[PDB]
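Taking the form solved without this ligand, here's one chain by itself in C-alpha cells.
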C-alpha cells in the first residue's frame, strides 16, 4: 500500500507527472493547470501528441504554446472539449477542478456517467463526478467544484492506471 508520495514517485518515474523547477518537492498541496493536466492525460493513456494543429482560440494558443500538442491529443481523444464550444475556449491556464478531472478519467476508462446522480457538482458534471466517486477515483467528500490538488490528481491517475492495468 503506497502513500500519495510513493504514487507520485512512481508516476514521475513513468514520465506521467513531473515536479517543479529548482526543487524535488512534489508540492502535493498545489493545484494544476488544465494545460499540465492535458499532458498528464496524454502520458497516462499513451496518447499521440498532435503537432501543428490548433483547435482553440484562447489567447496565446498557437505554435509557441508548449501545451498545444497535448491539448490537441486529449481533444481528438474526446477527453476534453474546453469550456465554450461557440467561442472555442479551452482555458489552458485555468486550474483543473475535481469534477473536470472526473470527466476526463471516467471518459478515458469508458465508465458510464451516472445519469440521476445527486451531489454537489456543477450540473454538467454531476454524472461524471458520481461515476468517478463510485469508481474510487476521488473520495465522496472531495469538493467537485474545487481545484484539484496534485495529491488528488496523483491518487486519481494512479487508480485509473491500475484499472487499465
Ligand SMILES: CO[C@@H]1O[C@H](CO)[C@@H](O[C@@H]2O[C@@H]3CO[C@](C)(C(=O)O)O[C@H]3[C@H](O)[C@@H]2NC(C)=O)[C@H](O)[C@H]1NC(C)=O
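What we label the rigid core is the largest C-alpha set whose atoms superpose within 1.5 Å from one form to the other. Residue numbers count along the first chain shown, from 1.
Relative to the shown model and aligned on the rigid core, the C-alphas in 4 other deposited structures of this protein deviate most, among 146-154 and 18-26, for 18-26. Two stretches are in play, 153-161 and 9-17, and the higher mean C-alpha B-factor belongs to 9-17.
Per-stretch averaging of Cα B factors for 70-78 and 84-92 places 84-92 on top. Per the deposited coordinates, the residue with the largest Cα temperature factor out of 123, 36, 99, 112 is 112. Residues shown: 117, 41, 132, 28. Highest C-alpha temperature factor in the entry: 117.
Residue 127 sits in the middle third of its chain by CA B factor, as recorded in the PDB entry. When the CA B factors of the chain's modelled residues are split into thirds, the value for residue 51 lands in the highest one.
In the deposited entry, the Cα temperature factor of residue 140 sits in the middle third of values across the chain's modelled residues. Split the chain's modelled residues into thirds by C-alpha temperature factor. Residue 63 is in the highest one.
Just so it is clear, the following notes concern the form deposited with this ligand bound, a form of the same protein that is not shown.
Looking at residue 40, you'd find a heavy atom of it within 4.5 angstroms of this ligand in the entry with it bound. Using a 4.5 Å cutoff between non-hydrogen atoms, residue 58 does not count as a contact of this ligand in the entry with it bound.
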